[PDB]
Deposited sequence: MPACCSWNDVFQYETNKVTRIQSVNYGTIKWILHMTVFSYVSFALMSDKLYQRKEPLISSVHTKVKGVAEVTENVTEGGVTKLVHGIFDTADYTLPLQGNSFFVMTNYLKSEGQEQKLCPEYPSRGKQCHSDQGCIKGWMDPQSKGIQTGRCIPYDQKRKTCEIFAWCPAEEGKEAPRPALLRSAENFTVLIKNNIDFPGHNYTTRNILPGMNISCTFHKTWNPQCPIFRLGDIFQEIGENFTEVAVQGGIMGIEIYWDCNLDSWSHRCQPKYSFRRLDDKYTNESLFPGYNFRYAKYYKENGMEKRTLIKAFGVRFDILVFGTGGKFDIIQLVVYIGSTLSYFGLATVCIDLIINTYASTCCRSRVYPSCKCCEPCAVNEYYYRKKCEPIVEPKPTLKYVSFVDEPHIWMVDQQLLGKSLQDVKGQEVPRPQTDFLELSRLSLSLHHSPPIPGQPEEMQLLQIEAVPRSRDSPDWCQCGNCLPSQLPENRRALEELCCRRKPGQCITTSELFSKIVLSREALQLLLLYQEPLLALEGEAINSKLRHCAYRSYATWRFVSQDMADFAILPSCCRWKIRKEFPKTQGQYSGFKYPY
């Protein structure tokens, strides 16, 4: 009970003083260790990594001049005139505009854009809502001008929807505008927070990839040129540009590095279909009361929407992550054992000696793997009731008959051949007949016919002299003195009298013959004695008034 808990099992091992195998094992161990360490260090798998939460504050600086008309109108544009109040992750800068002043909710012809003309009142629908014209049709075609006529619509009039964006863009000088971006990032799980601007930074700096990669002041034209985009062309219809701020932050004290990396990427497709609203624009309405009427000035503003995308992760050493990674990678250190054991098993096979070695003599010295295999593995078979081992004096090996005997004599059955183990030279360094019989000394079995084929076995497969004729048979098997000595060794105070001693001697003779002709006790316990030897043993130690049971299954 208590002693059961107080046990430790250690595997039995064979150590081989081999230069090749030791070198291979150490090389594989070092390779596995190097790869594991490189991965752990390269991927920071010892670090628990967290995503950041970001806040962005943008400030746009720049002044623009316009001289556009029917009178020549001079106009000044400041931040309040081309920027919306929003100053977060996205900010919009106007680069072009179409103005429709003094709009009133009434009837008017629709602008003739992209084949919008009509040639009859019936052609244009009545009550149809046209998002393109932004008005409700009255079913009449009215003259937009002298030459072309367009359908009447109830809408904000005059209606200029469909008018092409002015070219060149009016606010081209927006390329010279600057934007200051303040980014505050926090890793809430790591209890860390930082910002893209730190004390001691130059305030007159402008961002550059190489000279000033940390300056958070960006020129829009420089942003466009950094990625091969033409600000002048994009200004006509507008677009979307993304300013990516990447935070590859290491929060370990010994390797602390939390710096932003700035990049730019056009976010709107350059080749958008004309029907899918290419570019970026929106309509801005200014409502005012004139006299006693409500009027609207509509601005179709085209510009570049700057999306500030902030992403990244913060890594900090975690014991659990390192433990998990080490546990995952531990099993890879058995690669050396697996490979060397596979080599030993493969080179132990006889196939390589018969075929591979004669063809290639370089792989000859690896025949030593047979010795390693025989010192490493001990093959055994299932001890089932049908297991039987037979040895013939003429033949040098043993046969394993594990099949049921369905009347056919055991001699006739073939079985499968197995080798004879060496008989422990260390301990050995001391001083008419039945049809199936081929020795002339066998007799028919006295067992029931249903189980008689077991004892229908001869000492040899071909005619010749019986094994009993050898003097060793009498010395080992029939020598009463030797069997008595063995029994006394097992039972020092044994009583050498009665039929019990005869039965003990018969069993000892059976065991002696089995050990002599089969060597291993595993095979001896399942061996089958030949009829000649069995009956000679019984004739030396006859049973008075009983019937012989014969071989019995140990299990």
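No C-alpha positions are given in the record for the deposited-sequence stretches 1-5, 75-80, 443-471.
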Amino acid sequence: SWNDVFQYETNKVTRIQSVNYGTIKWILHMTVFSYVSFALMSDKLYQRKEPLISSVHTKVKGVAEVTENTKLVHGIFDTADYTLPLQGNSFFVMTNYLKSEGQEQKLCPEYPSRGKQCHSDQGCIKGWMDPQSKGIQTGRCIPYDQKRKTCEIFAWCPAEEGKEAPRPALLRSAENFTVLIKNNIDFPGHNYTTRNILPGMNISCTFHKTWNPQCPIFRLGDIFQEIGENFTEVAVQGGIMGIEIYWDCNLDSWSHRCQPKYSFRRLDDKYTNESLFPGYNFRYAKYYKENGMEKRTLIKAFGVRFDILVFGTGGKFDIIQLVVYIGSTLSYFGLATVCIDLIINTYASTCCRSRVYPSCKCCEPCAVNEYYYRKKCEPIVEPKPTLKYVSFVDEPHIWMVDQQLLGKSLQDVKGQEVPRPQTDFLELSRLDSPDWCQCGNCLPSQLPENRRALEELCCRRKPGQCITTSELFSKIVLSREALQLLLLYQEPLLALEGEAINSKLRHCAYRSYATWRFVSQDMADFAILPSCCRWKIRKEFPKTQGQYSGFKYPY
From here on, numbers count along this sequence of modelled residues.
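For the two forms, the rigid core is made up of the largest set of C-alpha atoms that agree within 1.5 Å on superposition.
When the other structures are laid on the shown form by the rigid core, the stretch among 269-277 and 468-476 with the greater C-alpha deviation in 8 other deposited structures of this protein turns out to be 269-277. After superposing on the rigid core, the larger RMS C-alpha deviation in 8 other deposited structures of this protein belongs to 137-145, the other candidate being whichever of 137-145 and 216-224 remains. Across the other compared structures of the same protein with both neighbouring residues present, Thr70 lacks coordinates in at least a third.
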